[PDB]
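None of the figures in this text is laboratory data; all of them are computed from the coordinates on show. No Cβ is skipped: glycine too gets one built from the backbone with ideal geometry, and neighbour counts run over all protein chains shown.
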There are 2 protein chains.
Amino acid sequence: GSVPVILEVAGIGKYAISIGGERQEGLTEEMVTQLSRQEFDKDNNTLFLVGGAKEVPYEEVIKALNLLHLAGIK
Amino acid sequence: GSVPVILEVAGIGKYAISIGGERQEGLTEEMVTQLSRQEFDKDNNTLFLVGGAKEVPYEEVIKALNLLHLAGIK
């Protein structure tokens, strides 16, 4: 609530997540879903933001946002 | 560089931007482009992230990412 949830696109199927200051790297798409869903179910007002690195294509960024929508995050 | 650039989708055509701790609200799409482009041209390694509020549709989030791509931000 106080500190947003940040999901970072690192490449193809590789993602990083920042939860209230704590950053988790080397996560899979299925695992990132688990975490995103668990945080959204415990706090239904958590601000969610998605960013990708320069080496990440915009198409991949779309996929990430798509995964969040699939699990009802955004 | 040290502090990312955050672009927040507030609704339809309304956006907010956080630059190194400073937040700007009530920005237009054309104006948000100006700022995003100026920051990216001065610092070509600035981490960029996009997040939307619960009342914002995913389709609008796509549009925002689309605008960034158009100006060569991501």
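Along Cα→Cβ at 7 Å, what distances in nm separate the A:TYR58 label point from those on the other copies, shortest first?
The projected label point of A:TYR58 is separated from its counterparts by 1.9 nm.
Taking a quarter of the surface of the Cα convex hull of chain A, what do you get in nm²?
4.4
Between copies, how close do the A:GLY72 label points come, placed 7 Å along Cα→Cβ, listed in nm from shortest?
Output for A:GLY72: 4.3 nm, nearest copy listed first.
Can you give the charge dipole size of chain B about its Cα centre, rounded to the nearest 20 debye, using +1 on the beta carbon of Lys and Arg and -1 on the beta carbon of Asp and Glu?
It comes to approximately 100 debye.
First check a/c for the protein assembly as shown, with a ≥ b ≥ c the square roots of the eigenvalues of its C-alpha gyration tensor; if it is under 1.5, answer rounded, and if not, answer prolate when a/b is larger than b/c or oblate otherwise.
prolate
Considering only the label points, 7 Å along Cα→Cβ from Cα, what distances in nm to one decimal separate A:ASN45 from the same position in each other copy, shortest first?
Sorted ascending, the copy-to-copy spacings read 3.9 nm.
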